[PDB]
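Below you'll find only one chain, the form whose entry title says "closed state", shown as structure tokens.
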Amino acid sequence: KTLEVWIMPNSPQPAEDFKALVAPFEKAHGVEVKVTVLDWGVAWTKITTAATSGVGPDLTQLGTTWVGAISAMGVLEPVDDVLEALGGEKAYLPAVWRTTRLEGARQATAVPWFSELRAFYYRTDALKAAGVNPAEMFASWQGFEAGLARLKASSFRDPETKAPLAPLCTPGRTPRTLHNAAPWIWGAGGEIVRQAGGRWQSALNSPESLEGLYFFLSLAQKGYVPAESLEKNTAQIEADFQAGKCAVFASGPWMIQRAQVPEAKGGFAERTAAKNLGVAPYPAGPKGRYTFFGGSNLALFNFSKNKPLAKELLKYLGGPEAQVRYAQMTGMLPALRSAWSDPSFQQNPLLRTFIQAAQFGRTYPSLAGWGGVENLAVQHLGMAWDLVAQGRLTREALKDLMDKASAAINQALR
């Protein structure tokens, strides 16, 4: 007898780690769990085709930002029962509980699986040399800039490469998401969409949203991000950091894990970067301190022929023991608030910085149309990055691009 589960690649050998995780459940319930791994790049299409066709697995992983769109299709089984058995609303951060439903829905359609948020990895060796105090560089936008300026000047060189380091690496290729940009929007007092006057509307062209975007994009334009980083995507920037080309880059907690895995195992423990690794939160902007808070949930399709067994599996995967074990293999944080006290999270000084940074975690609203909003936003942001590649991103050029993005988002939202 067989349960089918789709996941994304959350760990170096993602199917083996998932199968190890569920072996106790399989033994206790007389069932086999067959897992399929979908790359993040294609998972949306396969999940959407499963949703409209009625041909799919019992359970799928969903990125928290996808729950609303899949739930609005009317294909997910209610899971209020599972969430109650896990301890209900009080067992989760509000930012995690919001991702359990479509915004405004009265019924839960996803079970929190793991959480992740974004912070700055830095080279302790590169900053020590450049004379940069990390507590100062990551406190404020002002500090951040002054720190990249000291890093750009530095004669420091990677021992493996023998070359200087880029102060900051961030991808300039049209992004899949706003996860890199949203902290700058939010720190300025901006937002992507805002609910006001009975309706959701774009806020990407607000003065605050434009101030934060322009701060971020202009770092690349003032030589803090080398030309070659503007031509790279998130994956090619991670590789660059691992290989000693970057002093500072923003990512999720999984880099700590990858950094303890040898290069032969899909990791980078033997590189200088892994041996000189610091983590610092996003700096405070003029209007506050925010980072992207994300993660993945698990949903049950309402056409599953195995709903009872699937719900025992969601309860298993959602519960404390499996929450710690899966976080240990993935480098993510558990979804369940209580599981953060595990010594495996509290005795890792880099992970404790992510834990502290979650106070400033901010999530997107769980809207049916969220994918189309982010898609329109990233297409226009990619045009702004192409102006950066020319030295021609002006406050007026950014505003005209974000005015076109707002008109097309406002259009999509009605």
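Start at 1 with the first residue shown and count on from there. So that the term is clear: the rigid core is the largest set of C-alpha atoms that superpose within 1.5 Å between two forms.
This next part talks about the form whose entry title says "open state", which is not shown.
For the set 207, 223, 320, 262, a Cα shift of at least 2 angstroms between this form and the one not shown, after rigid core superposition, holds for 262 and for no other residue.
After superposing the rigid core, the C-alpha of residue 53 moves by 2 Å or more between this form and the one not shown. Superposition on the rigid core between this form and the one not shown places the CA atom of residue 38 2 Å or more away from its counterpart.
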